[PDB]
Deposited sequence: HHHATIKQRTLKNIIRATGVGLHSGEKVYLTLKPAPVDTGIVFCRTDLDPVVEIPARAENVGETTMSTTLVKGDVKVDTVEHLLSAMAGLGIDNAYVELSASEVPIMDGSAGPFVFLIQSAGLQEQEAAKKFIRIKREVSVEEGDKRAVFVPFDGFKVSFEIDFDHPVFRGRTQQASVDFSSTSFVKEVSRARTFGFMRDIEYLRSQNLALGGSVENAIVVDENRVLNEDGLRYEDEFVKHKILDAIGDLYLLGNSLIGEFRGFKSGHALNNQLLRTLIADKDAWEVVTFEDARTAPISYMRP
């Protein structure tokens, strides 16, 4: 009976998965491996000689059209946000993500398969304190009517509001206080509208997309035969995307995020503004899990 530091976590065992890239349609082999303390999440292109390694950090984000992409020179890793959301939701600090192709596999469009594979392998607590980024001041970015904000909050909470001119919503808004990740949002799938598909595919985007890995919406209806997993699956997926984009900070957050029609580009603009404003955040640890504002599942 004593105080217990909240510790960094990595994988207990290797995870292997095969899939297809949502936007490239390429077949890709994925391997998640444990990593030492303070490594962070690092993506490794193992189809290249030499292997190119890209830390999953805000400073390495290149394009943010359709998905969050990591770049180093001529080498990219596309669509990292759903896997990163699973890592953040489960509290994984350190891991190598090996990919045989430029895009993370889409799986079923959600973080569900990733959390299942990770939790089946199990997590391993490590002998070093977990570092948190605590929001100390309000930080806001806007572009037009889009908005993304960090607010101080003793915990971790994400709110999101979207406005789509579309019958399938019959405004969607949701707030989640991390209730917890596996239950609340992990299973929420990405979505696409048929009105955009021919244009997107002409741009070598959405080439792997299908009803097997996305909610496909036409003029009026969801086309997936078995429908939605949640009444508010769309905005729940926006929250999933935000959690993964925010994990590009490299540490879990103590604070609140509020998104208003935000997406990957504005999310990354928010992280860059936050990092530059060192008055607005500090790195903290917790030597006694009992007085911390966050708690994590058993490993």
{"query": "Deposited-sequence segments unaccounted for in the coordinates", "finding": "171 to 172, 181 to 182"}
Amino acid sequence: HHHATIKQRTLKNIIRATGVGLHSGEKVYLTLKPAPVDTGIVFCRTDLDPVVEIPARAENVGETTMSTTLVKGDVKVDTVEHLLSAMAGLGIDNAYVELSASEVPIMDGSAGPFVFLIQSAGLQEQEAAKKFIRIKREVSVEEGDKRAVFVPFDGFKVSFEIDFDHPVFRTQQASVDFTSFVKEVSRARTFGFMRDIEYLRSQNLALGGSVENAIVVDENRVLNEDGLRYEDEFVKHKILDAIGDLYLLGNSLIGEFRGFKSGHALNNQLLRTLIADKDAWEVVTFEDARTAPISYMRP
From here on, numbers count along this sequence of modelled residues.
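The term rigid core refers to the most C-alpha atoms you can superpose between the two forms while keeping them within 1.5 Å.
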property	result
Outlying stretch relative to shown form, 219 to 227 versus 137 to 145 in 5 other deposited structures of this protein, C-alpha RMS (core)	219 to 227
Divergent stretch in 5 other deposited structures of this protein, 280 to 288 or 11 to 19 [C-alpha RMS, superposed by the core]	280 to 288
Of 192 to 200 and 76 to 84, the stretch whose C-alpha atoms average the higher B-factor in the entry	192 to 200
Mean C-alpha temperature factor, higher of 273 to 281 and 286 to 294	286 to 294
Criterion, highest CA B-factor; candidates, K261, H264, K236, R57	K261
Highest recorded Cα temperature factor - choice among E26, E63, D38, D241	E63
Third of the chain's Cα B-factor distribution that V222 belongs to, per the entry	highest
CA B-factor placement of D47, once the chain's modelled residues are sorted into thirds	middle
CA B-factor ranking of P167, expressed as a third of its chain	highest
Assigned third (lowest, middle, highest) for the C-alpha B factor of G122	middle
CA B-factor ranking of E98, expressed as a third of its chain	lowest
